[PDB]
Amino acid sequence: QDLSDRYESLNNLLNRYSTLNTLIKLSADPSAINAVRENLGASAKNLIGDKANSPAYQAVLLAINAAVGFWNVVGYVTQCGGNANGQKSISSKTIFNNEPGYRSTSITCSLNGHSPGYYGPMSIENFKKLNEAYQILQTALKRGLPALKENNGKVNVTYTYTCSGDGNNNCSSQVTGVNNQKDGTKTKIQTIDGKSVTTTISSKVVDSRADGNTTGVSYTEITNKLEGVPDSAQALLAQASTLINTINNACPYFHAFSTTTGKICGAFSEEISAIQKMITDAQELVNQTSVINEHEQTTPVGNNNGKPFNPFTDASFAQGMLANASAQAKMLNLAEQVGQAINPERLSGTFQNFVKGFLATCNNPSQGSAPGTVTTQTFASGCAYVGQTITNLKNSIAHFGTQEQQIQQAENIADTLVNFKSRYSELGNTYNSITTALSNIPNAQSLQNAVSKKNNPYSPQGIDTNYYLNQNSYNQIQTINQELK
């Protein structure tokens, strides 16, 4: 009926009025503002300092694990080969160790007679980039990711690959930088995510007839040791980004899922799309960290010398407090978005099957294997704890409800303080709208005292009007409103 709508609208406005009235009062009381500030600094600590219990940590971890896991699933079908500078080769076998190959802990790039590129074999230049990102990630994950507040942790990373076959120049001193291919070294300063890392490149030739060589051919083995690689959230998401984008940029031929021959960037476009979005949301989330750290909540507000707190003039801290609280809300929203992108309960079709049946599983034999473990059975499965990270992310979000409420409270109070005059007018304006709604309901003379107000020229806080709610009238209004229907 018409009248139900009038009672519903009025009940809602009375709820709003009462909440705004409370926001005004909270914003004029330093002991309440201080408790909300303290709760806000404590949630920040949680988000940025904790692991298991931080949705921010779990969302970063999930973005990283999705990328590593994607490669563990599709690597073994992805074709690679050729000689340096992305050139076609005749007989170049280049093997990368600690990679999820078909029944192997290496991937063999041995596609001869076809020019590397889009819908062809991945060039060795791209595989070298992909593989370095993958080794950094797997090494960092085995050791464990630091909390979002530790941005200067470091890891050492070592990996090896070999070249064999007549004319293979992917391990030549020209390409590696070493003094002598048979027995050589080169050290340089390499930039990774804006940091300087020391890199040591070693080269040796193992002759076909050397002791311990069961392969029946001569090969060159190249060792890359990176010391001091950054393992921060930021740096590892950059590596996850490099890994996924290098796969997309190369878009290589594969040869095996809903498709069993094609190009990786096509048959797996939906998965790539989700994982890029996860990395980007996680990076934006990590960017919110710096806003949080810049606006700390440790100092009590209010004047300490007897001056009553005046919200019009004594609230210069509120802008920082709003930036902080808004940035923490933003971190939660993004973390939730990382989770939604890959959660199999929200997916359908071949994307759901890829996630449940491949990405989120591990074929490694056993408490499962540690993170960063590659075995002869990894291929076609994620082996990156992706199923359990989805779960730990959903759970950390659900158990962060306490802090989510406190973040909301701080956003509301800080917004009020930043905009005090304007929020205090809005209270008055909500009053005025209620007074009209009241005047336009039937026979209801005894409800017209539901709100009232009084002048107070003496407020030491500039709060020259007091706003009231009559509890009886409110209750009656609430009953009447429920009783339709």
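Counting begins at 1, following the sequence as shown.
A chain break between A398 and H399 is not present, all residues of the deposited sequence in that interval being modelled.
Per the record, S366 and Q367 are separated by 4 to 9 deposited residues that have no coordinates. Looking at 203-211 and 134-142 together, the entry lists the larger mean B-factor for 203-211, computed on C-alpha atoms. Legend: mean Cα B-factor per stretch from the PDB entry, 416-424 versus 430-438; the higher mean is in 430-438. The maximum CA B-factor among the listed residues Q276, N85, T191, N156, taken from the PDB record, is found at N85. Of the candidates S31, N53, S27, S43, the PDB record gives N53 the highest C-alpha temperature factor. Annotation for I64: C-alpha temperature factor in the lowest third relative to the rest of the modelled chain, per the entry. Remark: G177 belongs to the highest third of its chain, ranked by C-alpha B-factor as recorded. In this PDB entry, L47 carries a Cα temperature factor that places it within the middle third of its chain's modelled residues. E227: CA B factor in the lowest third of modelled residues in this chain (values from the PDB entry). Residue-level temperature factors show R103 in the highest third of its chain, judged at the C-alpha atom.
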